[PDB]
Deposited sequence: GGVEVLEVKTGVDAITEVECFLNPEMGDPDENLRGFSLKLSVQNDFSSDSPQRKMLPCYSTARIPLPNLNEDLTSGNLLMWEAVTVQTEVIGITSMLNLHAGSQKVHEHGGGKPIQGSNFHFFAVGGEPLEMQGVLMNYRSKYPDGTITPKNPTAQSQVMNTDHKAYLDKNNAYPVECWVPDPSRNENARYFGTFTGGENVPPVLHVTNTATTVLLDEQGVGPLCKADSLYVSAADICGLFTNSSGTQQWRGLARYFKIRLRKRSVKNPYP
């Protein structure tokens, strides 16, 4: 794709992208199944509803080319406003949660969290890395194929497109920094038992998606792809069991028309 000048035209698209934490029954939307532990890497068979997955959505756009002429037009993503939706819901310390102590309130959601988004002109490109190459992953998941011990560090065979919602477990996959030429991604992982969730909301924060040459992701087939993972931490039930809790992510993307050489 030879990139020419901006047309001077604009549009905004938006999306609330639901989280995919596992959803173990019809009432526990936004949560995973309780975490179970197998004593040994040798026999690790997690249930599907226990595994948070990456979220993704394809936003279709109208074709711009009256004829395909020497030059074509593509939608170009310029900026994104994004935020995690429902952060104040973790102030519900009155239902279902283990008491911090006798006569005390419920335990807050806390622990390992991951907050990730991407905007691209094509599906997010992912690289597989496993904690345990011998994990047996369940039907409905898409995980690294024919993993080896090298899969626990870096095995260049584990390449995937984030091409299915609620299928790619967050624990098996990361955005691939060796690809994603036509997407921008941003993530923070914070690990530990007692990590406090720290979440910010503001409508004043804009991420610019333009690269060094002033070019944003280009919607090559007239579609825009948004991707997310927002594991906020672990909910501790009265019983002591733990479940992931996730929140939806809002996207507002400003697009403009870009001329490219046919």
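According to the record, no C-alpha positions are given for deposited positions 1 to 2, 11 to 13, 74, 269 to 271, numbered from 1.
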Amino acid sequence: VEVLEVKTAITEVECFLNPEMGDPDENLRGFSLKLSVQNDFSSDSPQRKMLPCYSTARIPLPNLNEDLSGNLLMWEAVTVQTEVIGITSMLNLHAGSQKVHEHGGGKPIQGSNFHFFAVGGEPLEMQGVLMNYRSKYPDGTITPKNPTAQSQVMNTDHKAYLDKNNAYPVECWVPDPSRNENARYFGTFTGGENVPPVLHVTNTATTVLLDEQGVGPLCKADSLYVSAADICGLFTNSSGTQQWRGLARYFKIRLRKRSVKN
From here on, numbers count along this sequence of modelled residues.
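Look at the mean CA B-factor for 93 to 101 and for 108 to 116 in the entry; the higher one is 93 to 101.
For the two regions 140 to 148 and 185 to 193, the entry's Cα B-factors average higher over 140 to 148.
In this structure the maximum Cα B-factor among 233, 30, 52, 214 is found at 214. Reading the B-factor column for the CA atoms of 223, 227, 204, 47 in the entry, the top value corresponds to 47. The PDB entry assigns residue 163 a C-alpha temperature factor belonging to the highest third of its chain's modelled residues. Placement of the Cα temperature factor of residue 71 within the chain: highest third of the modelled residues, per the deposited record.
Ranked by C-alpha B-factor against the other modelled residues of its chain, residue 24 falls in the highest third. Residue 241 sits in the lowest third of its chain by CA B factor, as recorded in the PDB entry.
The deposited CA B-factor of residue 64 belongs to the highest third of values across its chain.
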